[PDB]
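Chemist: Mind having a look at this structure? Questions to follow.
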Amino acid sequence: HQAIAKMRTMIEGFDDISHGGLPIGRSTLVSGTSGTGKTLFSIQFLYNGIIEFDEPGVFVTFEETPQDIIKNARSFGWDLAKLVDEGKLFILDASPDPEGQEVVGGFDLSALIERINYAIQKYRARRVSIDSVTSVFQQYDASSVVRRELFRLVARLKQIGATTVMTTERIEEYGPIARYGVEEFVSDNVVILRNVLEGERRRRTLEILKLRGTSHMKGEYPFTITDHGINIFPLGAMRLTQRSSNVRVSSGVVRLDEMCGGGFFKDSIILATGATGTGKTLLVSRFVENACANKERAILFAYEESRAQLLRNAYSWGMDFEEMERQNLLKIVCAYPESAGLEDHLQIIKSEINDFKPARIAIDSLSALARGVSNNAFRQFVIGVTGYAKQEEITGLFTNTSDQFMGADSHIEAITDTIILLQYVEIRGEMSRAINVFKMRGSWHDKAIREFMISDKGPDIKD
Amino acid sequence: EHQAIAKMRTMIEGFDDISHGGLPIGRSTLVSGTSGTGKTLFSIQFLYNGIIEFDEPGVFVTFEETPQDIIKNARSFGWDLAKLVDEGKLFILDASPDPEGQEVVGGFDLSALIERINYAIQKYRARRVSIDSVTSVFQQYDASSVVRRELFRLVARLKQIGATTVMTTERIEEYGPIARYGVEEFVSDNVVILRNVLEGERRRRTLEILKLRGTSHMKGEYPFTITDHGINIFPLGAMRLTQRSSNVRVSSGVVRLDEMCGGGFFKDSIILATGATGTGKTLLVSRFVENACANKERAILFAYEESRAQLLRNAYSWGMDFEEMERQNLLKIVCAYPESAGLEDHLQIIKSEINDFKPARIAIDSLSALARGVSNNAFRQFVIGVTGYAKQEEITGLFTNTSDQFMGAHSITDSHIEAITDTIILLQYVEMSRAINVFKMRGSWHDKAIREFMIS
Amino acid sequence: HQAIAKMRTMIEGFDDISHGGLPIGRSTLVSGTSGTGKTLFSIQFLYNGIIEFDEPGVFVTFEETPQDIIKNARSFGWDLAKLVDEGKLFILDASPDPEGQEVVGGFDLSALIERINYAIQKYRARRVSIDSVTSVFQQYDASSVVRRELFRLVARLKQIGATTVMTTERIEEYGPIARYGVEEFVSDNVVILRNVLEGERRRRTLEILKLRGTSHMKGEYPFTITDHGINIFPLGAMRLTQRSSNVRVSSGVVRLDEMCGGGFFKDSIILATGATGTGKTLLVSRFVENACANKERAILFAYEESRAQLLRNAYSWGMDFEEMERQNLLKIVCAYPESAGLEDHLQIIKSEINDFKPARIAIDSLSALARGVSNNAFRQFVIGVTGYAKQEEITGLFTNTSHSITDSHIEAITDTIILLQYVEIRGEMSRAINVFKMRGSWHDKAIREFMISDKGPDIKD
Ligand SMILES: Nc1ncnc2c1ncn2[C@@H]1O[C@H](COP(=O)(O)OP(=O)(O)OP(=O)(O)O)[C@@H](O)[C@H]1O
Ligand SMILES: Nc1ncnc2c1ncn2[C@@H]1O[C@H](COP(=O)(O)OP(=O)(O)OP(=O)(O)O)[C@@H](O)[C@H]1O
Ligand SMILES: Nc1ncnc2c1ncn2[C@@H]1O[C@H](COP(=O)(O)OP(=O)(O)OP(=O)(O)O)[C@@H](O)[C@H]1O
Ligand SMILES: Nc1ncnc2c1ncn2[C@@H]1O[C@H](COP(=O)(O)OP(=O)(O)OP(=O)(O)O)[C@@H](O)[C@H]1O
Ligand SMILES: Nc1ncnc2c1ncn2[C@@H]1O[C@H](COP(=O)(O)OP(=O)(O)OP(=O)(O)O)[C@@H](O)[C@H]1O
Ligand SMILES: Nc1ncnc2c1ncn2[C@@H]1O[C@H](COP(=O)(O)OP(=O)(O)O)[C@@H](O)[C@H]1O
Ligand SMILES: [Mg+2]
Ligand SMILES: [Mg+2]
Ligand SMILES: [Mg+2]
Ligand SMILES: [Mg+2]
Ligand SMILES: [Mg+2]
């Protein structure tokens with residue numbers, strides 16, 4: 001069992017799906033529709049190679065000028081002009097001009113490969129890419145001709161030895177792998193970038209169709225475009241090896257801690273589900289407050305309420321959130337669910353965690369995030385967040401909405417370690433409330449369903 | 001992050017939020033869609049706004065309609081394009097509006113058109129260019145796919161000139177190829193899709209931005225409508241969760257209720273009055289609206305389930321002179337048929353009336369009047385748009401909901417909008433008689449008891 | 001804000017949808033599949049201009065002959081031959097010779113547009129209609145040529161200054177707007193006529209896709225073709241829940257009136273739903289009896305039962321339906337749901353109302369109509385009926401059988417809902433009635449036991 005050597009491509013998450021990067025000396029065909037990030041993948045591949053591994057490279061372009069390639073890259077802070085000046089990056093301009101608008105013949109790949117070979121030797125390139133192969137095959141439309149011409153191109157690049165990422169377009173999502181349907185059978189490594197429209201939403205995903213001679217994660221995985229270009233989330237690449245101790249932390253409510261058998265486990269995920277107005281946001285406020293009381297950092301993620309309202313509600317319950325922010329212990333992040341896809345909310349949660357390094361986090365509402373979201377997309381989000389929170393040993397508190405007043409869902413409860421239910425009880429013409437610890441993995445919990453009140457001192461559970 | 005491309009604002013309401021600053025400067029934008037999606041309107045409104053808002057002159061290029069039709073059609077929005085032409089701010093160039101006394105062979109001359117456009121730009125010092133019917137010259141040698149190369153050259157030349165250009169193209173199918181020839185979206189740097197989707201028995205217009213190079217944008221489709229002022233887009237995801245809050249109280253108009261709410265409503269709250277029909281939900285709304293006017297505040301009463309005549313007639317019975325409050329320009333009553341337009345139009349109407357009247361308070365006689373014949377997703381988005389906007393503008397909002405509207409009744413909204421609502425009031429039957437109860441009072445304490453809803 | 005001037009281009013319901021008719025001096029393209037009523041639309045455009053106003057017109061035909069056009073028009077009572085003799089209507093026959101052929105193969109439109117122009121001047125036409133302009137383009141398989149020539153045709157008609165309707169054709173109902181995929185990008189105003197087959201039933205709808213210079217209603221508006229031509233239902237422009245008055249009328253049952261807080265609201269829509277055998281028919285029969293008791297006219301529409309059976313069942317319940325017909329107060333209209341398209345049941349209700357001028361109508365069963373139709377068709381039917389019932393100040397009592405989008409919508413627009421159930425209690429069957437909803441009023445909200453006798457419903461406490 002001799003593994004094939006790979007060239008690591010530090011596009012976050014890609015090296016996990018490709019399971020070690022792209023095979024060395026092989027061509028990779030990246031296909032997708034317009035606006036799927038195909039041109040970003042190509043730049044990011046060369047850029048990372050040049051700065052991380054000091055590997056010179058060549059970007060061949062047919063449909064853009066070097067000036068826009070650089071200008072667009074600069075939106076990511078990727079100063080490609082600098083890398084060009086230093087002789088690390090070379091952009092090979094093979095684009096058509098408005099000057100000399102048309103020619104008598106067609107594109108010459110023999111001339112092209114000679115220029116690429118030269119550029120590779122001159123800059124000692126090991127890593128190369130092509131923005132559009134079809135820009136050549138705008139002529140030579142016969143599928144039998146395209147197959148041969150692509151074969152020749154790939155074979156020559158293989159002899160040179162540079163690892164190549166070449167790009168092609170397709171028209172339809174879930175349609176043919178590539179235009180003419182004779183390209184994907186020539187290339188050794190094929191990657192699909194799609195941007196699926198469902199309902200009114202677009203979702204970017206990445207899939208590796210095949211890698212000849214090597215293993216890879218199979219199927220479709222989500223990705224987004226963020227501060228450093230492409231950021232892929234290979235859900236399932238994380239391991240189910242998270243630590244689990246008997247260390248406990250206070251919930252912020254003394255009687256609840258007793259009902260929980262002495263407090264929440266530090267490494268647990270807690271879900272507080274109940275009817276609207278039963279105090280879900282009260283327990284969340286006390287959860288992050290307790291962290292700060294013990295000089296621990298905590299992040300409150302609000303998907304319903306603005307910061308101004310959270311501060312006001314907290315004051316009415318005796319909690320000075322503004323003071324906790326002044327001490328740099330509490331941080332509040334507010335957004336509408338509709339502002340971003342769930343894969344971005346996941347990136348936001350992770351980024352805020354990496355920067356603030358909290359002991360605890362809380363999500364004010366999962367039901368806010370699930371609005372208009374399919375069970376698959378929502379479920380993946382919840383798994384990703386709780387998986388990460390466990391991995392980093394961050395105590396996590398999430399809330400949700402129960403169907404108490406609605407007739408006629410529990411697919412994330414298998415992830416949650418502790419479940420607390422908040423419900424209304426109508427007693428003799430008055431509304432009241434009751435709390436119960438429904439589930440508690442690893443510990444005793446009170447089976448009783450107990451009445452509680454909410455006042456300006458916060459929740460107060462009675463026996 | 002070092003680079004921040006300088007984008008040019010279009011001032012097409014909502015567009016600048018989806019594009020997040022407008023269109024990239026000196027670059028072409030491709031706008032595709034089927035007939036009736038508003039391509040031409042977008043193309044005109046772009047130049048029109050530039051001219052009047054930023055004093056930025058521009059050139060409109062036409063292959064299909066004559067300058068006279070462009071001008072006449074613009075008048076339906078009150079846009080005097082003839083005036084702008086006389087002043088020299090707007091120039092309409094005839095590219096290929098063809099004469100009837102046609103020759104045998106013609107067209108096949110995009111280079112000549114580019115020279116003419118360049119000239120017009122230089123003469124009128126244009127900063128904005130808008131090209132309708134760019135496919136009118138792609139009807140030639142289409143079978144050879146020369147379109148990709150011809151479009152490439154046109155786009156490249158426009159960049160050299162430096163003017164920002166909006167180009168339109170054609171589609172056949174709403175969810176089919178981005179453009180007729182399958183090449184335009186690969187040549188263009190910026191792609192905007194205008195759809196007019198027929199589903200069920202209704203059409204809905206939506207706008208999407210795809211394929212922007214070098215910059216960011218919102219993704220997916222956002223509903224839009226066409227009003228008497230042109231295109232109006234509602235980018236719900238652009239709404240920030242940064243609304244203000246305060247402990248300022250406003251009276252509900254009902255004394256007992258103010259006590260049950262712990263001292264009236266919070267000024268910047270959203271109140272949802274949910275209950276059985278006949279429990280006085282519209283009585284509570286009438287008092288809410290009255291109180292605003294009693295204190296010389298402006299208020300808008302939106303209605304779907306009542307004719308204007310009933311609102312005034314029933315108000316008189318109690319002792320509320322709605323006509324007088326209108327005479328003083330404190331009260332505005334806006335009656336509409338809930339099914340004459342889509343939810344995105346009802347939202348646009350609500351916003352428009354608020355923008356012009358500048359109310360302290362608004363009320364909706366029945367949200368459930370709009371929550372029918374539509375999906376829960378469509379309705380929920382409507383509610384978020386209304387509540388979000390009302391809070392952003394610091395407008396006290398009282399909306400109602402009927403709990404027994406249909407046999408599949410629930411005591412809470414089917415789409416779960418109660419998480420958005422800050423105060424919830426239930427109206428039910430008791431004893432024979434009727435009662436009011438504060439279910440939720442976010443930010444304060446409230447009376448948990450259920451008691452009679454006796455206004456006086 | 002200067003609105004574009006419009007010609008009424010009267011077609012019942014059309015000018016509500018188009019917000020005042022068709023733009024003057026511009027070409028409107030009407031596209032559809034075979035048998036969608038395109039020719040009929042074209043005839044009414046010119047016919048009405050001539051009869052309702054005094055606007056001469058030219059009908060240009062390609063597919064059939066003037067003789068066939070006239071004969072078909074006569075089925076609607078439209079005497080087109082007379083209008084031709086008077087010099088008001090002119091039919092320009094551009095149809096190819098059935099026997100012969102031309103040595104040039106094709107045909108130049110420049111040879112026709114002048115004949116149209118000449119005819120317009122000669123007859124001082126204001127309205128021009130071209131039926132199957134497609135047949136003039138059958139010679140061209142190049143869509144770029146079709147645009148070139150169609151644009152030319154439209155532009156020349158504008159110079160002439162005539163308002164015109166061109167018809168074209170498509171193959172699919174939900175496919176391309178026109179068969180070449182270009183015409184809708186040339187014409188200024190586009191209207192689509194489709195005839196959709198679904199669930200072993202077929203529907204006609206009209207849509208205005210666009211009007212370049214103005215506004216219109218959007219979406220599909222169902223229509224039917226009757227003895228008087230095209231009749232369109234502008235369902236999006238009616239009062240479904242709004243009312244002008246606040247006065248009650250008796251339901252026919254005294255205790256039920258009390259449960260409803262003083263009776264039904266006049267001009268309200270009452271929906272009585274329940275299990276089979278619960279007494280839905282009984283309340284309907286009692287309702288129309290009350291109308292006639294007060295000398296009000298009522299129409300009982302029936303789908304479950306024949307007239308003979310309705311009279312007999314009513315007689316057993318103490319109601320002489322035959323006497324009420326003799327007094328010209330009651331009318332009974334019996335048909336199977338399957339006997340007509342759902343839009344035609346609407347047209348029948350509408351027509352019977354227009355002639356009989358009822359104070360009340362009732363439908364013995366809506367489920368009878370729902371069972372053979374799609375969910376969208378049924379929702380629109382109810383909207384249409386409730387729209388007209390309120391327009392004419394008619395109290396309507398409909399019944400049905402005991403979430404979906406269709407039923408939530410229908411029940412939502414309904415003002416009053418009464419639930420009837422037949423259940424087992426203590427080893428015997430027992431009946432109960434409940435007022436589920438009573439819009440705008442106090443109501444009991446308590447389930448009451450009742451019995452059915454030969455004296456009608458008897459609600460107990
Ligand atoms: N600074 C940024 N922040 C956020 N998103 C960005 C940023 N820069 C670019 N993007 C997104 O990344 C995408 C990059 O597009 P890309 O270069 O992949 O085009 P493409 O799909 O290759 O074009 P074609 O389909 O013609 O090949 C853009 O559509 C844009 O939405
Ligand atoms: N100062 C106070 N005194 C007494 N009760 C209060 C006070 N402040 C808040 N409350 C009560 O505490 C409750 C907190 O509501 P909470 O935000 O937990 O509802 P929720 O279940 O989260 O609903 P949603 O998820 O829709 O926001 C309020 O319903 C309110 O009645
Ligand atoms: N005052 C108005 N109020 C509401 N809607 C209007 C008004 N004026 C025009 N419209 C609508 O706007 C649409 C016009 O957009 P437009 O049709 O010009 O784009 P487009 O012309 O379809 O592109 P193409 O030129 O290929 O047809 C019309 O179909 C009409 O429905
Ligand atoms: N007097 C009438 N009563 C009821 N229906 C009628 C009457 N006359 C015609 N129709 C209906 O109209 C339909 C034909 O309409 P019309 O002639 O307007 O369409 P068309 O232009 O012939 O369509 P195509 O060009 O595809 O044949 C027939 O299917 C017929 O059922
Ligand atoms: N003379 C009568 N005496 C007692 N009960 C009667 C008499 N006539 C009819 N009924 C009862 O009335 C019931 C039928 O009610 P009705 O005909 O008013 O509507 P329905 O039959 O419930 O409607 P559907 O048949 O659609 O369910 C029968 O179950 C029968 O027992
Ligand atoms: N004195 C009163 N006290 C309380 N409620 C009343 C009084 N008089 C009338 N009402 C109710 O106030 C209601 C306002 O309309 P509403 O209940 O909203 O109807 P719907 O809920 O069906 O839209 C009226 O329907 C009426 O029944
Ligand atoms: Mg690209
Ligand atoms: Mg909450
Ligand atoms: Mg009301
Ligand atoms: Mg015909
Ligand atoms: Mg029956």
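Labels used: A, B, ... for chains in the order of the structure tokens, numbers from 1 for residues in each chain, and numbers from 1 for ligands as shown.
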Would you give me, as a tab-separated table, each residue of chain B having an atom within 10 Å of an atom of ligand 7, along with its shortest atom pair and that distance in Å to one decimal, using only C-alpha atoms and all ligand atoms and sorting by chain and residue number?

Modeler:
residue	atom	partner	partner_atom_place_in_ligand_line	distance
B:185	CA	ligand 7	1 (Mg)	10.0
B:186	CA	ligand 7	1 (Mg)	7.1
B:187	CA	ligand 7	1 (Mg)	8.9
B:189	CA	ligand 7	1 (Mg)	9.0
B:211	CA	ligand 7	1 (Mg)	8.7
B:213	CA	ligand 7	1 (Mg)	8.5

Chemist: Taking C-alpha atoms for each residue, export the selection above as a compact mmCIF listing (two decimals), in the first residue's frame.

Modeler:
# COMPACT_ATOMS: atom_id res chain seq x y z
CA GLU B 185 -22.46 35.58 -17.67
CA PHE B 186 -18.89 34.41 -18.22
CA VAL B 187 -17.79 37.55 -20.03
CA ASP B 189 -17.96 41.02 -14.40
CA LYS B 211 -21.05 36.83 -10.29
CA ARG B 213 -15.92 40.14 -9.35

Chemist: For chain C against ligand 10, with a cut-off of 12 Å and counting only C-alpha atoms and all ligand atoms, what is the closest atom pair and its distance in Å to one decimal for every residue that makes the cut, ordered by chain and number, as a tab-separated table?

Modeler:
residue	atom	partner	partner_atom_place_in_ligand_line	distance
C:30	CA	ligand 10	1 (Mg)	11.1
C:31	CA	ligand 10	1 (Mg)	10.5
C:32	CA	ligand 10	1 (Mg)	9.6
C:33	CA	ligand 10	1 (Mg)	9.5
C:34	CA	ligand 10	1 (Mg)	7.4
C:35	CA	ligand 10	1 (Mg)	7.3
C:36	CA	ligand 10	1 (Mg)	8.5
C:37	CA	ligand 10	1 (Mg)	7.3
C:38	CA	ligand 10	1 (Mg)	5.8
C:39	CA	ligand 10	1 (Mg)	4.5
C:40	CA	ligand 10	1 (Mg)	7.8
C:41	CA	ligand 10	1 (Mg)	9.7
C:42	CA	ligand 10	1 (Mg)	9.2
C:43	CA	ligand 10	1 (Mg)	10.4
C:60	CA	ligand 10	1 (Mg)	11.7
C:61	CA	ligand 10	1 (Mg)	9.1
C:62	CA	ligand 10	1 (Mg)	9.2
C:63	CA	ligand 10	1 (Mg)	7.0
C:64	CA	ligand 10	1 (Mg)	8.0
C:65	CA	ligand 10	1 (Mg)	11.1
C:68	CA	ligand 10	1 (Mg)	11.0
C:69	CA	ligand 10	1 (Mg)	9.5
C:72	CA	ligand 10	1 (Mg)	11.1
C:130	CA	ligand 10	1 (Mg)	10.3
C:131	CA	ligand 10	1 (Mg)	6.6
C:132	CA	ligand 10	1 (Mg)	6.7
C:133	CA	ligand 10	1 (Mg)	10.4
C:134	CA	ligand 10	1 (Mg)	10.8
C:135	CA	ligand 10	1 (Mg)	10.9
C:166	CA	ligand 10	1 (Mg)	11.3
C:167	CA	ligand 10	1 (Mg)	8.3
C:168	CA	ligand 10	1 (Mg)	8.9
C:169	CA	ligand 10	1 (Mg)	9.1

Chemist: For residue 7 of chain A, please output as a list in words all residues within 9 Å (counting only C-alpha atoms; exclusion window: fewer than 5 positions along the same chain).

Modeler: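 Listed by chain and then number, they are residues 20, 21, 22, 23, 24, 25, 127 and 163 of chain A.
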
Chemist: Expressed in Å to a single decimal, how great is the separation between atom 1 (Mg, counted along the ligand's line) of ligand 9 and atom CA of residue 362 of chain B?

Modeler: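 Distance reported for this atom pair: 15.6 Å.
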
Chemist: List every residue of segment 122-363 of chain A that DSSP, applied to the backbone, labels as helix (DSSP H, G or I), and write the result as a PyMOL selection string.

Modeler: chain A and resi 122+143-160+179-181+254-259+280-293+307-316+321-326+337-339+342-356

Chemist: Show which residues sit within 9 Å of segment 295-306 of chain C, as a count of residues only. Count only C-alpha atoms, and ignore same-chain residues fewer than 4 positions away.

Modeler: 34

Chemist: Tell me which of B:170, B:297, B:103, B:306 sits closest to chain C, counting only C-alpha atoms.

Modeler: B:306

Chemist: Please produce, as a tab-separated table, a per-residue contact table for chain A versus chain B (criterion: any atom at most 6 Å away, only C-alpha atoms considered), showing the nearest atom pair and its distance in Å to one decimal, sorted by chain then residue number.

Modeler:
residue	atom	partner	partner_atom	distance
A:34	CA	B:186	CA	5.9
A:35	CA	B:211	CA	4.0
A:72	CA	B:214	CA	3.9
A:74	CA	B:3	CA	5.0
A:75	CA	B:3	CA	4.4
A:76	CA	B:1	CA	4.6
A:77	CA	B:1	CA	4.6
A:98	CA	B:153	CA	5.1
A:200	CA	B:221	CA	5.0
A:201	CA	B:220	CA	4.4
A:202	CA	B:220	CA	5.0
A:277	CA	B:440	CA	5.6
A:306	CA	B:242	CA	5.0
A:308	CA	B:245	CA	5.6
A:309	CA	B:245	CA	5.3
A:313	CA	B:443	CA	4.9
A:335	CA	B:241	CA	5.1
A:336	CA	B:241	CA	5.9
A:338	CA	B:237	CA	4.7
A:339	CA	B:237	CA	4.0
A:372	CA	B:377	CA	5.9
A:405	CA	B:411	CA	5.7
A:406	CA	B:410	CA	5.3
A:429	CA	B:450	CA	5.9
A:430	CA	B:449	CA	4.5
A:431	CA	B:448	CA	5.2

Chemist: Write out as a short mmCIF file (atom, residue, chain, number, x, y, z; two decimals) with C-alpha atoms, in the first residue's frame the residues lying within 10 Å of residue 248 of chain A, counting only C-alpha atoms and excluding same-chain residues fewer than 2 positions away.

Modeler:
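Output file result25.cif follows:
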data_model
loop_
_atom_site.label_atom_id
_atom_site.label_comp_id
_atom_site.auth_asym_id
_atom_site.auth_seq_id
_atom_site.Cartn_x
_atom_site.Cartn_y
_atom_site.Cartn_z
CA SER A 245 -14.82 15.62 32.45
CA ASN A 246 -16.83 15.82 35.67
CA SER A 250 -22.93 27.23 37.72
CA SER A 251 -25.93 27.97 35.50
CA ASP A 257 -27.93 24.02 39.76
CA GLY A 261 -27.32 17.69 40.45
CA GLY A 262 -24.75 20.34 41.41
CA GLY A 263 -24.52 22.46 38.25
CA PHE A 264 -23.99 21.97 34.53
CA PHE A 265 -21.07 19.96 33.33
CA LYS A 266 -18.41 22.24 31.93
CA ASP A 267 -18.04 20.22 28.77
CA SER A 268 -21.77 19.83 28.16
CA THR A 395 -19.76 25.40 27.78
#

Chemist: Of the residues C:156, C:345, C:170, C:350, which is the one nearest to chain B, using only C-alpha atoms?

Modeler: C:156

Chemist: Near segment 85-93 of chain B, within 6 Å and counting only C-alpha atoms, which residues show up once chain neighbours fewer than 2 positions away are dropped, as an MDAnalysis selection string?

Modeler: chainID B and resid 57:61 82:83

Chemist: Taking only C-alpha atoms and all ligand atoms into account, which residues have an atom no farther than 6 Å from ligand 6? I'd like them as a ChimeraX atom specification.

Modeler: /B:277-283,402,454 /C:439-442

Chemist: With only C-alpha atoms as the counted atoms, please give the residues lying no more than 9 Å from segment 451-453 of chain A, apart from itself and same-chain residues fewer than 6 positions off, as a compact mmCIF listing (two decimals) with N, CA, C and O atoms, in the first residue's frame.

Modeler:
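Generated file (selection05.txt):
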# COMPACT_ATOMS: atom_id res chain seq x y z
N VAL A 425 -48.21 27.03 32.71
CA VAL A 425 -49.29 26.27 33.30
C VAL A 425 -50.41 27.23 33.66
O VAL A 425 -50.16 28.24 34.31
N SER A 432 -49.09 30.77 34.91
CA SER A 432 -47.89 30.56 35.70
C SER A 432 -46.87 29.82 34.87
O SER A 432 -47.08 29.59 33.68
N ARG A 433 -45.75 29.47 35.48
CA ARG A 433 -44.68 28.82 34.75
C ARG A 433 -44.12 27.64 35.52
O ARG A 433 -44.17 27.63 36.75
N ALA A 434 -43.54 26.69 34.81
CA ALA A 434 -42.86 25.59 35.47
C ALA A 434 -41.61 25.16 34.71
O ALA A 434 -41.53 25.27 33.49
N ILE A 435 -40.63 24.69 35.47
CA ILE A 435 -39.34 24.28 34.95
C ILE A 435 -39.01 22.85 35.33
O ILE A 435 -39.26 22.40 36.44
N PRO A 459 -35.08 34.71 37.78
CA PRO A 459 -35.91 33.55 37.99
C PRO A 459 -35.80 33.10 39.43
O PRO A 459 -34.72 33.16 40.02
N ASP A 460 -36.89 32.60 39.98
CA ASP A 460 -36.89 32.12 41.35
C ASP A 460 -37.74 30.86 41.47
O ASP A 460 -38.97 30.92 41.38
N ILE A 461 -37.07 29.72 41.53
CA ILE A 461 -37.72 28.42 41.48
C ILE A 461 -38.20 28.00 42.86
O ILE A 461 -37.46 28.08 43.83
N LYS A 462 -39.46 27.59 42.94
CA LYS A 462 -40.05 27.21 44.21
C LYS A 462 -40.21 25.70 44.31
O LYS A 462 -40.19 25.00 43.30
N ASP A 463 -40.33 25.20 45.55
CA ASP A 463 -40.52 23.77 45.83
C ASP A 463 -41.99 23.47 46.17
O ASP A 463 -42.54 24.04 47.11

Chemist: For chain C, report every residue with an atom at most 6 Å from chain B (counting only C-alpha atoms), formatted as a list in words.

Modeler: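 Using only C-alpha atoms, chain C residues at most 6 Å from chain B: residues 1, 2, 3, 144, 152, 185, 210, 213, 219, 220, 236, 237, 241, 242, 405, 408, 409, 411, 412, 439, 440, 441 and 442 of chain C.
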
Chemist: List all protein, DNA and RNA residues that have any atom at most 10 Å from ligand 8, counting only C-alpha atoms and all ligand atoms, and write the list as a list in words.

Modeler: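 Listed by chain and ascending number, the contacts are residues 275, 276, 277, 278, 279, 280, 281, 282, 283, 284, 302, 303, 304, 305, 310, 364, 365, 368, 399, 400 and 401 of chain A; 418, 419, 420, 421, 422 and 442 of chain B.
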